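S.K.: For reference, the structure I am asking about is given below.
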Amino acid sequence: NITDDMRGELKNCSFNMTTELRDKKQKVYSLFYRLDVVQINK
Amino acid sequence: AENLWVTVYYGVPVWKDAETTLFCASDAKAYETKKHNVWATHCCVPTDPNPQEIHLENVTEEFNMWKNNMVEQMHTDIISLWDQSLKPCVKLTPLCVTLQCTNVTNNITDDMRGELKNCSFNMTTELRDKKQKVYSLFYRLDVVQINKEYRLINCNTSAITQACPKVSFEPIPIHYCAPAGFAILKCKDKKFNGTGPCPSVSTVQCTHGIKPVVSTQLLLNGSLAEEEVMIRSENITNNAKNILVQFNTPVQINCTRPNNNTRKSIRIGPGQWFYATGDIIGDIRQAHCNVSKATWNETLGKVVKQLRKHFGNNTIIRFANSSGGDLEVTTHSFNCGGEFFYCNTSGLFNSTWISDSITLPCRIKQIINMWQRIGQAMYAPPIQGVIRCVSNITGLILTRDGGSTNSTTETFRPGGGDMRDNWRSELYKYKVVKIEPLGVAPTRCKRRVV
Amino acid sequence: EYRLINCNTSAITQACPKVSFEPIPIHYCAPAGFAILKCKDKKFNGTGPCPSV
Amino acid sequence: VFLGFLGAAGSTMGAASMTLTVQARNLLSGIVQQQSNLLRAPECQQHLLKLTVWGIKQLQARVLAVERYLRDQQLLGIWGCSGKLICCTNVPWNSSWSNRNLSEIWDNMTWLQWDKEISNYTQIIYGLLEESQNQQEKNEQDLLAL
Amino acid sequence: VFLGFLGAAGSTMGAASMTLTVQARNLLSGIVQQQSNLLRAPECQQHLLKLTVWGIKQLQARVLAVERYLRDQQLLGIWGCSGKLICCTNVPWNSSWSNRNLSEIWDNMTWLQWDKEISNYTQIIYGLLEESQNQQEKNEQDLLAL
Amino acid sequence: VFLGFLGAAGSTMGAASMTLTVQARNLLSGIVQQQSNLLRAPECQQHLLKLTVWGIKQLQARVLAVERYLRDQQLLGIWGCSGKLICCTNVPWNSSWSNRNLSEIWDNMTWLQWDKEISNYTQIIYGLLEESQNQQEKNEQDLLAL
Amino acid sequence: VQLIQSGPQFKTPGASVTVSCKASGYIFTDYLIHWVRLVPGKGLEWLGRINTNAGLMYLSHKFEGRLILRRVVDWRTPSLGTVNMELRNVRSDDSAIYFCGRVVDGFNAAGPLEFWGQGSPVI
Amino acid sequence: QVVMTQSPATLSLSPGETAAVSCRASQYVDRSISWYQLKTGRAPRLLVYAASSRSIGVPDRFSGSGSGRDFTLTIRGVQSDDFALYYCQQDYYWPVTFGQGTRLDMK
Ligand SMILES: *[C@@H]1O[C@H](CO)[C@@H](O[C@@H]2O[C@H](CO)[C@@H](O[C@@H]3O[C@H](CO[C@H]4O[C@H](CO[C@H]5O[C@H](CO)[C@@H](O)[C@H](O)[C@@H]5O)[C@@H](O)[C@H](O[C@H]5O[C@H](CO)[C@@H](O)[C@H](O)[C@@H]5O)[C@@H]4O)[C@@H](O)[C@H](O[C@H]4O[C@H](CO)[C@@H](O)[C@H](O)[C@@H]4O[C@H]4O[C@H](CO)[C@@H](O)[C@H](O)[C@@H]4O)[C@@H]3O)[C@H](O)[C@H]2NC(C)=O)[C@H](O)[C@H]1NC(C)=O
Ligand SMILES: *[C@@H]1O[C@H](CO)[C@@H](O[C@@H]2O[C@H](CO)[C@@H](O[C@@H]3O[C@H](CO[C@H]4O[C@H](CO)[C@@H](O)[C@H](O)[C@@H]4O)[C@@H](O)[C@H](O[C@H]4O[C@H](CO)[C@@H](O)[C@H](O)[C@@H]4O[C@H]4O[C@H](CO)[C@@H](O)[C@H](O)[C@@H]4O)[C@@H]3O)[C@H](O)[C@H]2NC(C)=O)[C@H](O)[C@H]1NC(C)=O
Ligand SMILES: *[C@@H]1O[C@H](CO)[C@@H](O[C@@H]2O[C@H](CO)[C@@H](O[C@@H]3O[C@H](CO)[C@@H](O)[C@H](O)[C@@H]3O)[C@H](O)[C@H]2NC(C)=O)[C@H](O)[C@H]1NC(C)=O
Ligand SMILES: *[C@@H]1O[C@H](CO)[C@@H](O[C@@H]2O[C@H](CO)[C@@H](O)[C@H](O)[C@H]2NC(C)=O)[C@H](O)[C@H]1NC(C)=O
Ligand SMILES: *[C@@H]1O[C@H](CO)[C@@H](O[C@@H]2O[C@H](CO)[C@@H](O)[C@H](O)[C@H]2NC(C)=O)[C@H](O)[C@H]1NC(C)=O
Ligand SMILES: *[C@@H]1O[C@H](CO)[C@@H](O[C@@H]2O[C@H](CO)[C@@H](O)[C@H](O)[C@H]2NC(C)=O)[C@H](O)[C@H]1NC(C)=O
Ligand SMILES: *[C@@H]1O[C@H](CO)[C@@H](O[C@@H]2O[C@H](CO)[C@@H](O)[C@H](O)[C@H]2NC(C)=O)[C@H](O)[C@H]1NC(C)=O
Ligand SMILES: *[C@@H]1O[C@H](CO)[C@@H](O[C@@H]2O[C@H](CO)[C@@H](O)[C@H](O)[C@H]2NC(C)=O)[C@H](O)[C@H]1NC(C)=O
Ligand SMILES: *[C@@H]1O[C@H](CO)[C@@H](O[C@@H]2O[C@H](CO)[C@@H](O)[C@H](O)[C@H]2NC(C)=O)[C@H](O)[C@H]1NC(C)=O
Ligand SMILES: *[C@@H]1O[C@H](CO)[C@@H](O[C@@H]2O[C@H](CO)[C@@H](O)[C@H](O)[C@H]2NC(C)=O)[C@H](O)[C@H]1NC(C)=O
Ligand SMILES: *[C@@H]1O[C@H](CO)[C@@H](O[C@@H]2O[C@H](CO)[C@@H](O)[C@H](O)[C@H]2NC(C)=O)[C@H](O)[C@H]1NC(C)=O
Ligand SMILES: *[C@@H]1O[C@H](CO)[C@@H](O[C@@H]2O[C@H](CO)[C@@H](O)[C@H](O)[C@H]2NC(C)=O)[C@H](O)[C@H]1NC(C)=O
Ligand SMILES: *[C@@H]1O[C@H](CO)[C@@H](O[C@@H]2O[C@H](CO)[C@@H](O)[C@H](O)[C@H]2NC(C)=O)[C@H](O)[C@H]1NC(C)=O
Ligand SMILES: *[C@@H]1O[C@H](CO)[C@@H](O[C@@H]2O[C@H](CO)[C@@H](O)[C@H](O)[C@H]2NC(C)=O)[C@H](O)[C@H]1NC(C)=O
Ligand SMILES: *[C@@H]1O[C@H](CO)[C@@H](O[C@@H]2O[C@H](CO)[C@@H](O)[C@H](O)[C@H]2NC(C)=O)[C@H](O)[C@H]1NC(C)=O
Ligand SMILES: *[C@@H]1O[C@H](CO)[C@@H](O)[C@H](O)[C@H]1NC(C)=O
Ligand SMILES: *[C@@H]1O[C@H](CO)[C@@H](O)[C@H](O)[C@H]1NC(C)=O
Ligand SMILES: *[C@@H]1O[C@H](CO)[C@@H](O)[C@H](O)[C@H]1NC(C)=O
Ligand SMILES: *[C@@H]1O[C@H](CO)[C@@H](O)[C@H](O)[C@H]1NC(C)=O
Ligand SMILES: *[C@@H]1O[C@H](CO)[C@@H](O)[C@H](O)[C@H]1NC(C)=O
Ligand SMILES: *[C@@H]1O[C@H](CO)[C@@H](O)[C@H](O)[C@H]1NC(C)=O
Ligand SMILES: *[C@@H]1O[C@H](CO)[C@@H](O)[C@H](O)[C@H]1NC(C)=O
């Protein structure tokens, strides 16, 4: 439900984050604004 | 109406109540060679050279031990010194990993079943491409079962630091001393209850030596009352306030941690070491404290005799044990020969007053939250050999339940409360005032103008 | 297979590339209320009653 | 030093006026102000540098003792009393500030009691003492004097 | 305190000489020097300890006010003026330093203007004032006087 | 300033008594106490804030110079010498403390030698000077005088 | 003075239920905190009380093996604190609205309650 | 335990009429009786601290009386706002106990 003026403004990013117990990993996600990220090499 | 003029005097012996910062000092004798003692390093200013005490004839002054800012200051400075001495230590972040644990069954008595866990895990190494398999014993109270898989308790909320193995938190006596321009007034009346118009006052340069001993329920190694057991409280009829009871004779308590215990160090990183508990040499039995039975009878008779003065001489006074949902509110917490003890005192507070020895079983812990913080935790390294402490019980912290029935009785239990109640038991006699040397008064002189 | 020497005992820091530890001369100066006395005798051996101060 | 520091506190104003050097000597010299002036280094000092918070608390205590001392000396200077522990002025007593005769206050009251009796007239009196000195200097700058 | 702190700044030297206590009283007492002397703890203090840089900046300001005050008092002492806001000396006026009559400077100039007129003779005058006092003490140590 | 700071040290007591302002002027003014009072910022200051240990060492040095100065001034005030570099008292010489005539000490000894001769009588003498001033004030509070 | 309770809960019989009451606006220590259970078909029942300074528990003699009270304080912030309740072996007999309340000033040795929370409820 | 009994189980009256609730202890309780006003969806309101002494914020419509074993809640000009449940609380022996409660109904 994005308006035209918001197309491409928000990115939905998932990643492998560290955890409180140091032998585990977790898959989490967060929204980011386009201006906060860099496309490299989705 | 006399023809008088204003005369100005400087050096007038007048003062006002005031808050300030005291600087602390110590007796640089045996304590001088302690070297790694925290208190011997901080309270560096030498004192007690046969210190002065000056009697003030005809001075009556108002004291209030419950509003005494010296206690709040002592509390804050103790906390700051603990944080400062732990701040530069190893920080055992790498230990919060899954542990693989089994029970220790090697010559354990019945009272130790399930008390010790033998845990192995994959630890980091000094060279950063390797891992090592190591193991350590842990006390049941330091671990959490998850999903034989365990984790250390303090994983959800904080990193756990490690006390530095050479730092000694031994409560050697310290003295509080006033800065220039201020003075400490001492109340000398015997049988002073903590408040009001004390008629016998003297000044001092510094306070008597106070040992910053930290405990719950039973106050250890403090001063004794001069004549009779003293009962002091902010308000004795309000069963919300604690009652501080000062004994006029010590009760000796002998605490020990049996089990020969060994220690090994493991590199967790490049000069970063963790101290593990190795196999116990000899058999495995519980820690405990011994209180003479006859003595812990005679001294309650004295406490009760004094309680009757406030509660009625036809009132039944009974003692009962602590009840609550935690360890920290039910046990007698203290540090002994460097290790932390949580002893069960229900064997002491069990009697009704109507007008050999007592063995207290005790548990110990290595991971201590300390004070009242949620984050911040410390790992106490194990100590090799066996531990024996001989201490004096100098007072009690008690609370009342509330009223009971029409039979007219009162129930007292070991209380809890803030650590500040331990300092209030020693600093109740002191007040800090600011000296104000200027003043004016009428005289018959007049400046002669020349 | 090799390792750096300082692995068993310590972390190794790195001098910051712009920091220059060049021994330019410095002078020690007394605080108010104090004074520095200098021994001027030539052939003074480090100890004793220096007559030229 | 400190051999009877507030010894006269419970005594009468008259008797207490004879011990004024006793309290004056203890305003600039606490224990730490004696240790700081040893010929040998005090040794402790490293502690107060390694842990700068303790270093700051100690300095604040020392600076304050000096500031309080100097402010009292400045007032005595302004009022025309440079030095002296006891000085006479030209400001008359109002008999409103306190209405007692000399034989009552010098013999029966202590300085603490006196201080609690006229404490809310302190600023009035200090203001008058300053005005008096200014008037005196205005009269001094007149070569015909009085 | 501070009710006309530089009020005489635009006035003549003569009139301004009558307000000297006004400026003297504000040399040792800034706001922070009043907060530091409360009977109650100031409360703020923890901030200056948690963050030691702010603690140091505050102390430097307080120490400097004291040092500047004491240096001026030391000069007055050396020149033979212990206390007093106005003191006479034995050093004659050179009429090179400034060449104006009394009726011109005391009535027409402000102190700021005067200060900008003789500022490069300040050290000469101070040197002479010190020599004068030394000569006076040499004469005092003669029991036949003058 | 500092043009002959200890120049009289090897001279006799008599001659050295004529240079007393020379040493007095250097008790409150070291180099850092001059840099701290520039109209311009000293620039260096950031160093002493970034590294708080150096900031503390500098303040300790400055505070101590002030405390030592004030303690000497307080003693002179207590003994009845407010100001003056040379003051006479009413305490007689004991001839036990030192037993030499005036023509021997003022002409043949230096102050350093004198200091090493009577150093263990210093506290006795200071105690007597204080008692003398207290006795004088007791006599002043008598309108029939002497 | 405000007492804020956690929301409604449902539990499998035999399970424990934990509820809480956050208190603010008065000194947390002093003023004992009491728990009362309301059963629409029976009336009010007292469960117990806690001494927030000492951390001591006093219970109605029905629940000694079932009910544990705890408190959390921080000496830093005297006006704030919490009281927690743990009730074990929950059964349909325990369907009730569980209330938090505070004793009338001057009545710590007794238990009239001047201030009240909202009621959990549980099952 | 000390049992409190309230009576009548119900009241039936109109606004402007007076009302009262009786409560009796199985044991002597001196003056340790407090009173509460209950409504659906609300925690109990404390009306009376002890025996006759009324709580803060309560209007003059309410007062109490009685001692020892025999206690009463008195309501004067009953408002439609007072058509609530009332409870008698025993606070002398521990546990704190409550009576069964009474109810004030509309005619
Ligand atoms: C130290 O701590 C103690 C606490 O331990 C503090 O004491 C407390 O002080 C407050 C006042 O600040 C008192 O509050 C008032 O209490 C009366 C009721 O008092 C009567 O009933 C008591 C019932 O107690 C029962 O339960 C206990 C506990 O199990 C049993 O032991 C008892 O036997 C009973 O079964 C009874 O205890 C009282 O007797 C005691 O006190 C009297 C002195 O008051 C002594 O002589 C006795 O010997 C005995 O020690 C007594 O019989 C209430 O009526 C008051 O409410 C009125 O006033 C309020 C003021 O704010 C007002 O808001 C209310 O609405 C109400 O107002 C009415 O009266 C006004 C009069 O002016 C009218 O104008 C108004 O219109 C209206 O009509 C109030 O709640 C506590 O009871 C007392 N607690 C205890 C345990 O004693 C002590 O102050 C602290 N000291 C210091 C220095 O801090
Ligand atoms: C209430 O008040 C009492 C009385 O003061 C107090 O009891 C005393 O507690 C202290 C601290 O625990 C005890 O001191 C320890 O004693 C042991 C035992 O030594 C005995 O044998 C030697 C001869 O070999 C005698 O000289 C000595 O007097 C005893 O009879 C010592 O081993 C301890 O020393 C080690 O720990 C110190 C920590 O501060 C170190 O500073 C010290 O250097 C030692 O550590 C080194 O060696 C260890 C062993 O190899 C090693 O593990 C370490 O890593 C390190 O290399 C220490 O001196 C004292 O004996 C108790 N007094 C009595 C009568 O029992 C209570 O504790 C107090 N209560 C409360 C609650 O505070
Ligand atoms: C905690 O668990 C560890 C294992 O993770 C225990 O250590 C192990 O003890 C066994 C003996 O019970 C050792 O096996 C024997 O080794 C000898 C050589 O020393 C060999 O001759 C025997 O035939 C047998 O193989 C085992 O090597 C040893 N493992 C490690 C890593 O040390 C430890 O004793 C347990 N501690 C407690 C208190 O339960
Ligand atoms: C989190 O890590 C896992 C691996 O532990 C990633 O899953 C693998 O990704 C590679 C490509 O880089 C594939 O070739 C493997 O087949 C994947 N394995 C599995 C089990 O799916 C996963 O993509 C990472 N997640 C995020 C969000 O980065
Ligand atoms: C240390 O790490 C090793 C793996 O590097 C663990 O061994 C494996 O454990 C998984 C189950 O989690 C098994 O499926 C593998 O077959 C095991 N591999 C081998 C070679 O044994 C080992 O358990 C970890 N040790 C500890 C104490 O946690
Ligand atoms: C300490 O003792 C004093 C008396 O020496 C108590 O103060 C008096 O208390 C009674 C009530 O019992 C009052 O009627 C008096 O007016 C009070 N006198 C003064 C001077 O305040 C004091 O309450 C006792 N303190 C404690 C904590 O019990
Ligand atoms: C506390 O008292 C008990 C006795 O009740 C002590 O235990 C005894 O110790 C001796 C010497 O090792 C043994 O011969 C006895 O058989 C033990 N008795 C029992 C019942 O175990 C214990 O050592 C004392 N604790 C402390 C710290 O002194
Ligand atoms: C605590 O330990 C001390 C030893 O340090 C015990 O005191 C000894 O008691 C025996 C009698 O059983 C005497 O013969 C010894 O002479 C005593 N020794 C000393 C140094 O006094 C004390 O009894 C123990 N306390 C408890 C409660 O068990
Ligand atoms: C306080 O003392 C009572 C005994 O008077 C202890 O009650 C026992 O608790 C255990 C569980 O911890 C039960 O298995 C026993 O059956 C209880 N005894 C009785 C007679 O019912 C109570 O645990 C003690 N409290 C603390 C904190 O130690
Ligand atoms: C504190 O100590 C008491 C006394 O030893 C413990 O109470 C006993 O517990 C055992 C079970 O281990 C029961 O068989 C006894 O009947 C209990 N004694 C009484 C008088 O009831 C108590 O359990 C200990 N507290 C804790 C928390 O473990
Ligand atoms: C508290 O005291 C009671 C006695 O007043 C202890 O109970 C007795 O224990 C002995 C065994 O040592 C039995 O022979 C008695 O029959 C018991 N009497 C009663 C009335 O129960 C009780 O164990 C003590 N509590 C604690 C924690 O030690
Ligand atoms: C327990 O209390 C006793 C009694 O005060 C302490 O023994 C005295 O210690 C003082 C020094 O503070 C000596 O002057 C006395 O001669 C000692 N009295 C006796 C009978 O020996 C004892 O040291 C205290 N124990 C602890 C661990 O602090
Ligand atoms: C404390 O008060 C007493 C009583 O007023 C003072 O006693 C006087 O002492 C002097 C000197 O010895 C005598 O000449 C007076 O006659 C005594 N007064 C009475 C009524 O007998 C005592 O001096 C006061 N304390 C101080 C330090 O001044
Ligand atoms: C600012 O300058 C004016 C003008 O020179 C000053 O005015 C004089 O005020 C006094 C007092 O009221 C009069 O007696 C003079 O006659 C006025 N001068 C003239 C030329 O009319 C004014 O006083 C100065 N401000 C200050 C603070 O001194
Ligand atoms: C250092 O010692 C010499 C020798 O005692 C002093 O010389 C005297 O100087 C004065 C002034 O020129 C002459 O009047 C004397 O006659 C000289 N003495 C002799 C014995 O010839 C010299 O002044 C001393 N230095 C200082 C700084 O005082
Ligand atoms: C996502 O953003 C890219 C530009 O980076 C755009 O070309 C693409 O069409 C966008 N996709 C959708 C579904 O909007
Ligand atoms: C180990 O501890 C558990 C409780 O956590 C117990 O059920 C089990 O029987 C114990 N095993 C041994 C060998 O003691
Ligand atoms: C927090 O602690 C609880 C036990 O009280 C545990 O079940 C939970 O998994 C822990 N949280 C995390 C993220 O591990
Ligand atoms: C403790 O004192 C009470 C006093 O009533 C007595 O009955 C009891 O036997 C005494 N206990 C011991 C061990 O002497
Ligand atoms: C002024 O001081 C007198 C001292 O007797 C005191 O009674 C009076 O209340 C004080 N005035 C004010 C406003 O506090
Ligand atoms: C000295 O002061 C006078 C003030 O009138 C000024 O004109 C002159 O330039 C100054 N001399 C120097 C070298 O600055
Ligand atoms: C006191 O001073 C004289 C100086 O001549 C010295 O000889 C003597 O030894 C000193 N006394 C002591 C106890 O040091």
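Conditions tested, residue by residue: (1) surrounded by fewer than 18 Cβ atoms within 10 Å (Cβ to Cβ); (2) within 21 Å of the chain's Cα centre (by Cα); (3) part of a loop (DSSP other than H, G, I, E, B).
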| position | (1), (2), (3) |
| --- | --- |
| B:35 | yes, no, yes |
| B:59 | no, no, yes |
| B:70 | no, yes, no |
| B:81 | no, yes, no |
| B:88 | yes, no, yes |
| B:102 | yes, no, no |
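S.K.: Failed condition for residue B:162, given (1) within 12 Å of another protein chain (Cβ to nearest Cβ); (2) buried (at least 18 other Cβ atoms within 10 Å of the Cβ), with all others met?
M.R.: With respect to (1) within 12 Å of another protein chain (Cβ to nearest Cβ); (2) buried (at least 18 other Cβ atoms within 10 Å of the Cβ), residue B:162 is out only on (1).
S.K.: In the range E:12-66, which residues are charged (D, E, K, R) and under 30 Å from residue E:105 (Cα atoms)?
M.R.: E:25
S.K.: Okay, moving on. Quick check: is even one residue across the range H:22-35 β-branched (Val, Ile, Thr), over 22 Å from residue G:105 (Cβ atoms) and in a strand (DSSP E or B)?
M.R.: Within the range H:22-35 (the criterion being β-branched (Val, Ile, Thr), over 22 Å from residue G:105 (Cβ atoms) and in a strand (DSSP E or B)), the answer is no, since none of the residues qualifies.
S.K.: Being away from every other protein chain (no Cβ under 14 Å), among the hydroxyl-bearing types (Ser, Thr, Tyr) and more than 16 Å from ligand 12 (Cβ to nearest atom) is true for just one of B:409, B:352. Which residue is that?
M.R.: B:352
S.K.: Next question, about the same structure. For the range H:12-47, name all the residues that are of a type in the set (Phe, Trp, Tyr), buried (at least 17 other Cβ atoms within 10 Å of the Cβ) and over 14 Å from the mean Cα position of the chain (by Cα).
M.R.: Once the filter is applied, which keeps residues that are of a type in the set (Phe, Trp, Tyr), buried (at least 17 other Cβ atoms within 10 Å of the Cβ) and over 14 Å from the mean Cα position of the chain (by Cα), the range H:12-47 yields nothing.
S.K.: Moving on. Filter the range E:36-51 for residues that are part of a helix (DSSP H, G or I) and either touching an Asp or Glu at 6+ places or on another chain (Cβ under 6 Å) or within 13 Å of chain B (Cβ to nearest Cβ) (or both) and give the result.
M.R.: Passing the criteria: E:45, E:46, E:48, E:49, E:50.
S.K.: I'd like to know if the range B:343-357 contains one or more residues that are surrounded by 20 or more Cβ atoms within 10 Å (Cβ to Cβ), outside any loop (DSSP other than H, G, I, E, B) and away from ligand 14 (no atom under 16 Å from the Cβ).
M.R.: Yes, the range B:343-357 contains a residue that is surrounded by 20 or more Cβ atoms within 10 Å (Cβ to Cβ), outside any loop (DSSP other than H, G, I, E, B) and away from ligand 14 (no atom under 16 Å from the Cβ).
S.K.: Restricting attention to the range B:236-285, which residues are within 14 Å of chain C (Cβ to nearest Cβ), of a type in the set (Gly, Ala, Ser) and either within 16 Å of ligand 6 (Cβ to nearest atom) or not in a strand (DSSP E or B) (or both)?
M.R.: B:271
S.K.: Any chance the range F:29-43 includes a residue that's basic (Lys, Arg) and farther than 30 Å from residue D:72 by Cβ?
M.R.: yes
S.K.: Please specify each residue of the range F:6-35 satisfying the condition of being assigned to a helix (DSSP H, G or I) and closer than 23 Å to residue C:28 by Cα.
M.R.: Once the filter is applied, which keeps residues that are assigned to a helix (DSSP H, G or I) and closer than 23 Å to residue C:28 by Cα, the range F:6-35 yields F:22, F:23, F:24, F:32, F:33, F:34, F:35.
S.K.: Let me ask something else. Counting only residues that are more than 7 Å from every other protein chain (Cβ to nearest Cβ) and under 30 Å from residue E:44 (Cβ atoms), how many does the range B:1-24 have?
M.R.: Counting residues in the range B:1-24 that are more than 7 Å from every other protein chain (Cβ to nearest Cβ) and under 30 Å from residue E:44 (Cβ atoms) gives 4.
S.K.: Hey, another quick one. Conditions: (1) of a type outside the set (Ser, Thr, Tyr); (2) away from chain E (no Cβ under 14 Å); (3) in a loop (DSSP other than H, G, I, E, B); (4) under 30 Å from residue E:66 (Cβ atoms). Residue D:124 meets all but one. Number of the miss?
M.R.: Tallying (1) of a type outside the set (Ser, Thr, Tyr); (2) away from chain E (no Cβ under 14 Å); (3) in a loop (DSSP other than H, G, I, E, B); (4) under 30 Å from residue E:66 (Cβ atoms), residue D:124 fails exactly one: (3).
S.K.: State whether one or more residues within the range G:63-83 are in a loop (DSSP other than H, G, I, E, B) and under 28 Å from residue H:37 (Cβ atoms).
M.R.: Looking for residues that are in a loop (DSSP other than H, G, I, E, B) and under 28 Å from residue H:37 (Cβ atoms), one finds at least one in the range G:63-83, hence yes.
S.K.: Still on this model: Please pick out the residue among B:203, B:124, B:207 that is within 14 Å of another protein chain (Cβ to nearest Cβ) and over 30 Å from residue B:51 (Cβ atoms).
M.R.: Result of the check over B:203, B:124, B:207: B:124.
S.K.: For the range D:88-121, what are the residues that are of a type in the set (D, E, K, R), farther than 23 Å from residue F:143 by Cβ and outside any loop (DSSP other than H, G, I, E, B)?
M.R.: D:115
S.K.: Please work out which one of (1) away from chain B (no Cβ under 14 Å); (2) under 30 Å from residue B:98 (Cβ atoms) is the condition residue A:35 fails and give its number.
M.R.: Failed condition: (2).
S.K.: Working carefully through the options G:4, G:50, G:97, find the one that is within 9 Å of chain B (Cβ to nearest Cβ), under 13 Å from the mean Cα position of the chain (by Cα) and assigned to a strand (DSSP E or B).
M.R.: The conditions single out G:50.
S.K.: Failed condition for residue G:17, given (1) more than 11 Å from the chain's Cα centre (by Cα); (2) of a type in the set (A, V, I, L, M); (3) crowded, with 21+ Cβ neighbours inside 10 Å, with all others met?
M.R.: (3)
S.K.: Just checking, which of H:48, H:29, H:21, H:96 is more than 11 Å from every other protein chain (Cβ to nearest Cβ) and β-branched (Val, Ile, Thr)?
M.R.: H:21
S.K.: Are there any pairs with C-beta distances below 9 angstrom linking a residue in the range B:291-309 that is within 16 Å of ligand 2 (Cβ to nearest atom) to a residue that is assigned to a helix (DSSP H, G or I), with the two at least 6 apart or on different chains, and if so which?
M.R.: none
S.K.: Scanning the range B:213-235 for residues that are within 14 Å of chain G (Cβ to nearest Cβ) and within 28 Å of residue B:356 (Cβ to Cβ), which turns out farthest from ligand 18 (Cβ to nearest atom)?
M.R.: B:217
S.K.: In the range G:87-109, what residues are aliphatic (A, V, I, L, M) and surrounded by fewer than 21 Cβ atoms within 10 Å (Cβ to Cβ)?
M.R.: G:90, G:97, G:104, G:109
For (1) part of a strand (DSSP E or B); (2) within 14 Å of chain D (Cβ to nearest Cβ), each residue gets a yes or a no:
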{"residue": "B:388", "(1), (2)": "yes, no"}
{"residue": "B:391", "(1), (2)": "yes, no"}
{"residue": "B:394", "(1), (2)": "yes, no"}
{"residue": "B:402", "(1), (2)": "no, no"}
{"residue": "B:433", "(1), (2)": "yes, yes"}
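S.K.: Please determine whether any residue of the range B:126-146 is more than 16 Å from ligand 15 (Cβ to nearest atom), in a loop (DSSP other than H, G, I, E, B) and crowded, with 16+ Cβ neighbours inside 10 Å.
M.R.: yes
S.K.: Could you go through the range D:81-95 and let me know if any residue there is more than 28 Å from residue E:86 (Cβ to Cβ) and more than 7 Å from every other protein chain (Cβ to nearest Cβ).
M.R.: So far as the range D:81-95 goes, yes, one or more of its residues are more than 28 Å from residue E:86 (Cβ to Cβ) and more than 7 Å from every other protein chain (Cβ to nearest Cβ).
No Cβ is skipped: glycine too gets one built from the backbone with ideal geometry, and neighbour counts run over all protein chains shown. A short reminder: the numbers here are calculations on the coordinates, not readings from a lab.
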